[PDB]
$ cat input_9.tsv   # TSV, N, CA and C atoms
chain	number	residue	atom	x	y	z
A	1	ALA	N	47.06	118.54	113.44
A	1	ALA	CA	47.14	117.50	112.41
A	1	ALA	C	47.85	116.27	112.96
A	2	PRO	N	47.20	115.55	113.88
A	2	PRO	CA	47.90	114.46	114.58
A	2	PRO	C	48.43	113.37	113.68
A	3	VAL	N	47.72	113.04	112.60
A	3	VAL	CA	48.18	111.93	111.78
A	3	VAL	C	49.49	112.27	111.08
A	4	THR	N	49.59	113.47	110.51
A	4	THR	CA	50.83	113.88	109.88
A	4	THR	C	51.93	114.08	110.90
A	5	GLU	N	51.61	114.69	112.05
A	5	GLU	CA	52.62	114.87	113.09
A	5	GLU	C	53.14	113.53	113.59
A	6	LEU	N	52.27	112.55	113.77
A	6	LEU	CA	52.73	111.26	114.25
A	6	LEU	C	53.51	110.51	113.18
A	7	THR	N	53.12	110.64	111.91
A	7	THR	CA	53.91	110.06	110.83
A	7	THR	C	55.32	110.64	110.83
A	8	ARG	N	55.42	111.96	110.92
A	8	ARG	CA	56.73	112.59	110.96
A	8	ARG	C	57.52	112.15	112.18
A	9	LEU	N	56.87	112.07	113.35
A	9	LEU	CA	57.58	111.72	114.57
A	9	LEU	C	58.12	110.30	114.49
A	10	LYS	N	57.28	109.36	114.05
A	10	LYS	CA	57.72	107.98	113.95
A	10	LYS	C	58.97	107.89	113.09
A	11	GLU	N	58.93	108.51	111.92
A	11	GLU	CA	60.05	108.38	111.01
A	11	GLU	C	61.25	109.19	111.47
A	12	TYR	N	61.01	110.32	112.14
A	12	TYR	CA	62.11	111.09	112.73
A	12	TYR	C	62.85	110.26	113.76
A	13	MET	N	62.11	109.62	114.66
A	13	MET	CA	62.75	108.81	115.70
A	13	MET	C	63.49	107.63	115.10
A	14	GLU	N	62.89	106.95	114.13
A	14	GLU	CA	63.56	105.82	113.50
A	14	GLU	C	64.85	106.27	112.84
A	15	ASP	N	64.82	107.41	112.15
A	15	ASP	CA	66.00	107.95	111.49
A	15	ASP	C	67.09	108.28	112.49
A	16	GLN	N	66.73	108.96	113.58
A	16	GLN	CA	67.75	109.34	114.56
A	16	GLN	C	68.31	108.14	115.29
A	17	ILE	N	67.47	107.16	115.61
A	17	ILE	CA	67.95	105.95	116.27
A	17	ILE	C	68.92	105.21	115.36
A	18	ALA	N	68.60	105.14	114.07
A	18	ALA	CA	69.49	104.48	113.12
A	18	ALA	C	70.83	105.21	113.04
A	19	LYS	N	70.80	106.54	113.01
A	19	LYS	CA	72.05	107.29	112.93
A	19	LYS	C	72.86	107.15	114.22
A	20	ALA	N	72.18	107.08	115.36
A	20	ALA	CA	72.88	106.81	116.62
A	20	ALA	C	73.64	105.49	116.54
A	21	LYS	N	72.98	104.43	116.07
A	21	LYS	CA	73.63	103.13	115.99
A	21	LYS	C	74.82	103.12	115.03
A	22	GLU	N	74.87	104.04	114.07
A	22	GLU	CA	75.98	104.09	113.13
A	22	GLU	C	77.05	105.12	113.51
A	23	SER	N	76.86	105.85	114.60
A	23	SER	CA	77.81	106.88	114.99
A	23	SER	C	79.06	106.26	115.58
A	24	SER	N	80.17	106.97	115.43
A	24	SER	CA	81.44	106.51	116.00
A	24	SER	C	81.53	106.89	117.47
A	25	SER	N	81.48	108.18	117.76
A	25	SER	CA	81.71	108.64	119.12
A	25	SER	C	80.43	108.56	119.94
A	26	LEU	N	80.63	108.40	121.25
A	26	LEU	CA	79.50	108.45	122.17
A	26	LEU	C	78.81	109.80	122.11
A	27	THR	N	79.57	110.87	121.92
A	27	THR	CA	78.99	112.20	121.83
A	27	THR	C	78.02	112.30	120.66
A	28	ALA	N	78.41	111.75	119.51
A	28	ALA	CA	77.54	111.82	118.34
A	28	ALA	C	76.32	110.94	118.52
A	29	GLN	N	76.52	109.75	119.10
A	29	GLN	CA	75.40	108.87	119.37
A	29	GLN	C	74.41	109.55	120.30
A	30	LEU	N	74.91	110.20	121.35
A	30	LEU	CA	74.04	110.86	122.31
A	30	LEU	C	73.24	111.96	121.65
A	31	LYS	N	73.85	112.73	120.74
A	31	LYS	CA	73.11	113.81	120.12
A	31	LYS	C	71.92	113.28	119.33
A	32	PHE	N	72.11	112.20	118.57
A	32	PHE	CA	70.99	111.63	117.81
A	32	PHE	C	69.92	111.09	118.74
A	33	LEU	N	70.32	110.39	119.80
A	33	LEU	CA	69.35	109.84	120.73
A	33	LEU	C	68.59	110.94	121.46
A	34	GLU	N	69.29	112.01	121.84
A	34	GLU	CA	68.62	113.11	122.50
A	34	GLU	C	67.67	113.82	121.55
A	35	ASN	N	68.01	113.89	120.26
A	35	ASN	CA	67.08	114.45	119.29
A	35	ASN	C	65.80	113.64	119.24
A	36	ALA	N	65.92	112.31	119.18
A	36	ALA	CA	64.74	111.45	119.23
A	36	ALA	C	63.95	111.71	120.50
A	37	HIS	N	64.64	111.86	121.62
A	37	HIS	CA	63.98	112.10	122.90
A	37	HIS	C	63.22	113.42	122.89
A	38	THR	N	63.90	114.49	122.46
A	38	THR	CA	63.28	115.81	122.44
A	38	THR	C	62.03	115.79	121.57
A	39	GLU	N	62.14	115.24	120.37
A	39	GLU	CA	61.02	115.29	119.45
A	39	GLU	C	59.85	114.50	120.00
A	40	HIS	N	60.12	113.33	120.58
A	40	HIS	CA	59.07	112.55	121.20
A	40	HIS	C	58.40	113.32	122.34
A	41	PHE	N	59.19	113.95	123.20
A	41	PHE	CA	58.60	114.67	124.32
A	41	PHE	C	57.71	115.80	123.84
A	42	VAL	N	58.21	116.60	122.90
A	42	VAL	CA	57.43	117.73	122.42
A	42	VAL	C	56.15	117.26	121.73
A	43	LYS	N	56.28	116.32	120.81
A	43	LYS	CA	55.15	115.95	119.97
A	43	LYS	C	54.13	115.09	120.71
A	44	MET	N	54.59	114.18	121.57
A	44	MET	CA	53.61	113.39	122.31
A	44	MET	C	52.91	114.22	123.37
A	45	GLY	N	53.59	115.22	123.93
A	45	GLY	CA	52.90	116.14	124.83
A	45	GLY	C	51.73	116.81	124.14
A	46	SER	N	51.94	117.26	122.90
A	46	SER	CA	50.85	117.88	122.15
A	46	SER	C	49.76	116.88	121.81
A	47	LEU	N	50.14	115.65	121.45
A	47	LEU	CA	49.15	114.63	121.14
A	47	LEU	C	48.24	114.36	122.33
A	48	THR	N	48.83	114.23	123.52
A	48	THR	CA	48.03	113.96	124.72
A	48	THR	C	46.94	115.01	124.92
A	49	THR	N	47.21	116.26	124.54
A	49	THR	CA	46.23	117.32	124.75
A	49	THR	C	45.03	117.23	123.81
A	50	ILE	N	45.18	116.58	122.66
A	50	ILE	CA	44.15	116.61	121.62
A	50	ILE	C	43.62	115.24	121.23
A	51	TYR	N	44.27	114.15	121.62
A	51	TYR	CA	43.87	112.83	121.16
A	51	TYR	C	43.80	111.86	122.33
A	52	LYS	N	42.66	111.17	122.45
A	52	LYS	CA	42.44	110.15	123.47
A	52	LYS	C	42.19	108.76	122.90
A	53	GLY	N	41.85	108.66	121.62
A	53	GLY	CA	41.49	107.39	121.02
A	53	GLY	C	40.53	107.61	119.86
A	54	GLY	N	40.19	106.51	119.20
A	54	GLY	CA	39.15	106.53	118.19
A	54	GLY	C	39.61	106.52	116.75
A	55	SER	N	40.92	106.45	116.50
A	55	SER	CA	41.43	106.41	115.14
A	55	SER	C	42.41	105.25	115.00
A	56	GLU	N	42.12	104.33	114.07
A	56	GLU	CA	43.05	103.24	113.79
A	56	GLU	C	44.38	103.77	113.28
A	57	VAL	N	44.35	104.80	112.43
A	57	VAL	CA	45.58	105.35	111.87
A	57	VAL	C	46.47	105.90	112.97
A	58	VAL	N	45.87	106.66	113.88
A	58	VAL	CA	46.63	107.22	114.99
A	58	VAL	C	47.11	106.11	115.92
A	59	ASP	N	46.24	105.15	116.21
A	59	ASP	CA	46.62	104.10	117.15
A	59	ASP	C	47.78	103.27	116.63
A	60	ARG	N	47.77	102.94	115.33
A	60	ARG	CA	48.90	102.20	114.78
A	60	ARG	C	50.20	102.99	114.96
A	61	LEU	N	50.17	104.27	114.62
A	61	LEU	CA	51.37	105.09	114.75
A	61	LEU	C	51.81	105.19	116.21
A	62	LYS	N	50.86	105.33	117.14
A	62	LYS	CA	51.24	105.41	118.56
A	62	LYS	C	51.94	104.14	119.01
A	63	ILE	N	51.46	102.98	118.57
A	63	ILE	CA	52.12	101.74	118.95
A	63	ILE	C	53.53	101.67	118.35
A	64	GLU	N	53.67	102.05	117.07
A	64	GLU	CA	54.99	102.07	116.44
A	64	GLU	C	55.93	103.02	117.17
A	65	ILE	N	55.42	104.19	117.56
A	65	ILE	CA	56.23	105.18	118.25
A	65	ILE	C	56.63	104.67	119.62
A	66	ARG	N	55.73	103.96	120.30
A	66	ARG	CA	56.06	103.48	121.63
A	66	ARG	C	57.24	102.52	121.58
A	67	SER	N	57.27	101.65	120.58
A	67	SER	CA	58.39	100.72	120.45
A	67	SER	C	59.69	101.48	120.26
A	68	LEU	N	59.68	102.51	119.41
A	68	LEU	CA	60.88	103.32	119.20
A	68	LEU	C	61.26	104.06	120.47
A	69	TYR	N	60.27	104.56	121.21
A	69	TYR	CA	60.56	105.25	122.47
A	69	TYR	C	61.26	104.32	123.45
A	70	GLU	N	60.76	103.09	123.60
A	70	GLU	CA	61.37	102.15	124.52
A	70	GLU	C	62.79	101.80	124.10
A	71	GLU	N	63.00	101.60	122.79
A	71	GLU	CA	64.36	101.34	122.32
A	71	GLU	C	65.27	102.53	122.60
A	72	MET	N	64.76	103.74	122.35
A	72	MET	CA	65.54	104.94	122.60
A	72	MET	C	65.95	105.05	124.06
A	73	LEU	N	65.02	104.74	124.98
A	73	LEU	CA	65.34	104.84	126.40
A	73	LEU	C	66.52	103.94	126.76
A	74	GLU	N	66.53	102.71	126.24
A	74	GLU	CA	67.65	101.84	126.57
A	74	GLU	C	68.94	102.29	125.91
A	75	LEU	N	68.89	102.68	124.64
A	75	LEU	CA	70.11	103.14	123.98
A	75	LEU	C	70.67	104.39	124.64
A	76	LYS	N	69.79	105.34	124.98
A	76	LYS	CA	70.22	106.58	125.61
A	76	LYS	C	70.85	106.31	126.96
A	77	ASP	N	70.26	105.40	127.73
A	77	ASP	CA	70.81	105.09	129.04
A	77	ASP	C	72.19	104.47	128.90
A	78	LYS	N	72.34	103.51	127.99
A	78	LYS	CA	73.65	102.89	127.79
A	78	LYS	C	74.68	103.91	127.33
A	79	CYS	N	74.31	104.77	126.40
A	79	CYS	CA	75.22	105.80	125.92
A	79	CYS	C	75.67	106.72	127.05
A	80	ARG	N	74.71	107.26	127.81
A	80	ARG	CA	75.06	108.18	128.89
A	80	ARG	C	75.89	107.48	129.96
A	81	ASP	N	75.58	106.21	130.26
A	81	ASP	CA	76.37	105.45	131.22
A	81	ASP	C	77.82	105.36	130.77
A	82	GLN	N	78.03	105.07	129.49
A	82	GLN	CA	79.38	104.94	128.95
A	82	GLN	C	80.10	106.28	128.96
A	83	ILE	N	79.40	107.36	128.65
A	83	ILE	CA	80.01	108.69	128.71
A	83	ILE	C	80.46	108.99	130.13
A	84	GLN	N	79.60	108.71	131.11
A	84	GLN	CA	79.95	108.95	132.51
A	84	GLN	C	81.13	108.07	132.92
A	85	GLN	N	81.09	106.80	132.53
A	85	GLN	CA	82.12	105.84	132.94
A	85	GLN	C	83.49	106.25	132.43
A	86	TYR	N	83.57	106.73	131.20
A	86	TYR	CA	84.84	107.07	130.57
A	86	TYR	C	85.08	108.58	130.59
$ encode --input "input_9.tsv" --output "structure tokens"
Amino acid sequence: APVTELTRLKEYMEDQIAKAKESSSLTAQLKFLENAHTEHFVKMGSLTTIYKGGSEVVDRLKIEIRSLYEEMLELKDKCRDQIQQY
């Protein structure tokens, strides 16, 4: 059910990224960002196996998810860098 799975993934990532930005400790921020990372890895791996193109609904969600993925990569890197530094 790619459309429902991608809807859930998009909103899951947005929710976790938002909670990361509101977290106090680096540890808590990292947990939310890693949750976004894990869910993206698991769900997009499954999508790649079953979907190559041909749906506007899926394509819109994939573009939205990609933006969240890129934001997550930068936030996660900054968080982990700060954890290592301190």
$ closest_residue --input "input_9.tsv" --among "A:57, A:65, A:36, A:26" --to "residue A:81" --atoms "only C-alpha atoms"
A:26
$ closest_residue --input "input_9.tsv" --among "A:45, A:4, A:71, A:20" --to "residue A:33" --atoms "all atoms listed in the file"
A:20
$ residues_around --input "input_9.tsv" --residues "residue A:50" --least-positions-apart "3" --cutoff "9 Å" --atoms "only C-alpha atoms" --output "PyMOL selection string"
chain A and resi 2+46-47
$ atom_distance --input "input_9.tsv" --atom1 "atom C of residue A:59" --atom2 "atom C of residue A:72"
19.7 Å
$ residues_near_point --input "input_9.tsv" --point "(73.9, 105.6, 120.3)" --cutoff "8 Å" --atoms "all atoms listed in the file" --output "ChimeraX atom specification"
/A:16-23,25-33,75-76,78-80
$ closest_residue --input "input_9.tsv" --among "A:56, A:39, A:15, A:34" --to "residue A:3" --atoms "only C-alpha atoms"
A:56
$ atom_distance --input "input_9.tsv" --atom1 "atom CA of residue A:54" --atom2 "atom CA of residue A:5"
16.6 Å
$ atom_distance --input "input_9.tsv" --atom1 "atom CA of residue A:6" --atom2 "atom CA of residue A:61"
6.3 Å
$ closest_residue --input "input_9.tsv" --among "A:38, A:85, A:62, A:74" --to "residue A:7" --atoms "only C-alpha atoms"
A:62
$ build_atoms --input "input_9.tsv" --residues "stretch 31-50 of chain A" --atoms "N, CA, C and O atoms" --output "PDB file, in the coordinates of the input"
ATOM      1  N   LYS A  31      73.850 112.730 120.740  1.00  0.00           N
ATOM      2  CA  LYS A  31      73.110 113.810 120.120  1.00  0.00           C
ATOM      3  C   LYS A  31      71.920 113.280 119.330  1.00  0.00           C
ATOM      4  O   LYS A  31      70.824 113.836 119.408  1.00  0.00           O
ATOM      5  N   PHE A  32      72.110 112.200 118.570  1.00  0.00           N
ATOM      6  CA  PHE A  32      70.990 111.630 117.810  1.00  0.00           C
ATOM      7  C   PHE A  32      69.920 111.090 118.740  1.00  0.00           C
ATOM      8  O   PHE A  32      68.714 111.281 118.493  1.00  0.00           O
ATOM      9  N   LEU A  33      70.320 110.390 119.800  1.00  0.00           N
ATOM     10  CA  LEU A  33      69.350 109.840 120.730  1.00  0.00           C
ATOM     11  C   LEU A  33      68.590 110.940 121.460  1.00  0.00           C
ATOM     12  O   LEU A  33      67.378 110.834 121.671  1.00  0.00           O
ATOM     13  N   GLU A  34      69.290 112.010 121.840  1.00  0.00           N
ATOM     14  CA  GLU A  34      68.620 113.110 122.500  1.00  0.00           C
ATOM     15  C   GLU A  34      67.670 113.820 121.550  1.00  0.00           C
ATOM     16  O   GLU A  34      66.627 114.310 121.978  1.00  0.00           O
ATOM     17  N   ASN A  35      68.010 113.890 120.260  1.00  0.00           N
ATOM     18  CA  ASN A  35      67.080 114.450 119.290  1.00  0.00           C
ATOM     19  C   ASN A  35      65.800 113.640 119.240  1.00  0.00           C
ATOM     20  O   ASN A  35      64.700 114.196 119.258  1.00  0.00           O
ATOM     21  N   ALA A  36      65.920 112.310 119.180  1.00  0.00           N
ATOM     22  CA  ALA A  36      64.740 111.450 119.230  1.00  0.00           C
ATOM     23  C   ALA A  36      63.950 111.710 120.500  1.00  0.00           C
ATOM     24  O   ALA A  36      62.717 111.784 120.481  1.00  0.00           O
ATOM     25  N   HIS A  37      64.640 111.860 121.620  1.00  0.00           N
ATOM     26  CA  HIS A  37      63.980 112.100 122.900  1.00  0.00           C
ATOM     27  C   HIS A  37      63.220 113.420 122.890  1.00  0.00           C
ATOM     28  O   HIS A  37      62.056 113.481 123.304  1.00  0.00           O
ATOM     29  N   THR A  38      63.900 114.490 122.460  1.00  0.00           N
ATOM     30  CA  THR A  38      63.280 115.810 122.440  1.00  0.00           C
ATOM     31  C   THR A  38      62.030 115.790 121.570  1.00  0.00           C
ATOM     32  O   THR A  38      60.979 116.306 121.965  1.00  0.00           O
ATOM     33  N   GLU A  39      62.140 115.240 120.370  1.00  0.00           N
ATOM     34  CA  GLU A  39      61.020 115.290 119.450  1.00  0.00           C
ATOM     35  C   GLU A  39      59.850 114.500 120.000  1.00  0.00           C
ATOM     36  O   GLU A  39      58.700 114.940 119.926  1.00  0.00           O
ATOM     37  N   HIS A  40      60.120 113.330 120.580  1.00  0.00           N
ATOM     38  CA  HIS A  40      59.070 112.550 121.200  1.00  0.00           C
ATOM     39  C   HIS A  40      58.400 113.320 122.340  1.00  0.00           C
ATOM     40  O   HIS A  40      57.162 113.344 122.443  1.00  0.00           O
ATOM     41  N   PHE A  41      59.190 113.950 123.200  1.00  0.00           N
ATOM     42  CA  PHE A  41      58.600 114.670 124.320  1.00  0.00           C
ATOM     43  C   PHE A  41      57.710 115.800 123.840  1.00  0.00           C
ATOM     44  O   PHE A  41      56.580 115.965 124.318  1.00  0.00           O
ATOM     45  N   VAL A  42      58.210 116.600 122.900  1.00  0.00           N
ATOM     46  CA  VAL A  42      57.430 117.730 122.420  1.00  0.00           C
ATOM     47  C   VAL A  42      56.150 117.260 121.730  1.00  0.00           C
ATOM     48  O   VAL A  42      55.045 117.720 122.027  1.00  0.00           O
ATOM     49  N   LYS A  43      56.280 116.320 120.810  1.00  0.00           N
ATOM     50  CA  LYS A  43      55.150 115.950 119.970  1.00  0.00           C
ATOM     51  C   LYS A  43      54.130 115.090 120.710  1.00  0.00           C
ATOM     52  O   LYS A  43      52.926 115.227 120.494  1.00  0.00           O
ATOM     53  N   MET A  44      54.590 114.180 121.570  1.00  0.00           N
ATOM     54  CA  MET A  44      53.610 113.390 122.310  1.00  0.00           C
ATOM     55  C   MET A  44      52.910 114.220 123.370  1.00  0.00           C
ATOM     56  O   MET A  44      51.742 113.957 123.682  1.00  0.00           O
ATOM     57  N   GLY A  45      53.590 115.220 123.930  1.00  0.00           N
ATOM     58  CA  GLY A  45      52.900 116.140 124.830  1.00  0.00           C
ATOM     59  C   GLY A  45      51.730 116.810 124.140  1.00  0.00           C
ATOM     60  O   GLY A  45      50.636 116.906 124.701  1.00  0.00           O
ATOM     61  N   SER A  46      51.940 117.260 122.900  1.00  0.00           N
ATOM     62  CA  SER A  46      50.850 117.880 122.150  1.00  0.00           C
ATOM     63  C   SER A  46      49.760 116.880 121.810  1.00  0.00           C
ATOM     64  O   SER A  46      48.569 117.217 121.852  1.00  0.00           O
ATOM     65  N   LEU A  47      50.140 115.650 121.450  1.00  0.00           N
ATOM     66  CA  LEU A  47      49.150 114.630 121.140  1.00  0.00           C
ATOM     67  C   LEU A  47      48.240 114.360 122.330  1.00  0.00           C
ATOM     68  O   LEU A  47      47.016 114.286 122.183  1.00  0.00           O
ATOM     69  N   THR A  48      48.830 114.230 123.520  1.00  0.00           N
ATOM     70  CA  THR A  48      48.030 113.960 124.720  1.00  0.00           C
ATOM     71  C   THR A  48      46.940 115.010 124.920  1.00  0.00           C
ATOM     72  O   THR A  48      45.848 114.684 125.402  1.00  0.00           O
ATOM     73  N   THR A  49      47.210 116.260 124.540  1.00  0.00           N
ATOM     74  CA  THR A  49      46.230 117.320 124.750  1.00  0.00           C
ATOM     75  C   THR A  49      45.030 117.230 123.810  1.00  0.00           C
ATOM     76  O   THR A  49      43.964 117.744 124.149  1.00  0.00           O
ATOM     77  N   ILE A  50      45.180 116.580 122.660  1.00  0.00           N
ATOM     78  CA  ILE A  50      44.150 116.610 121.620  1.00  0.00           C
ATOM     79  C   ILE A  50      43.620 115.240 121.230  1.00  0.00           C
ATOM     80  O   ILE A  50      42.592 115.176 120.538  1.00  0.00           O
TER      81      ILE A  50
END
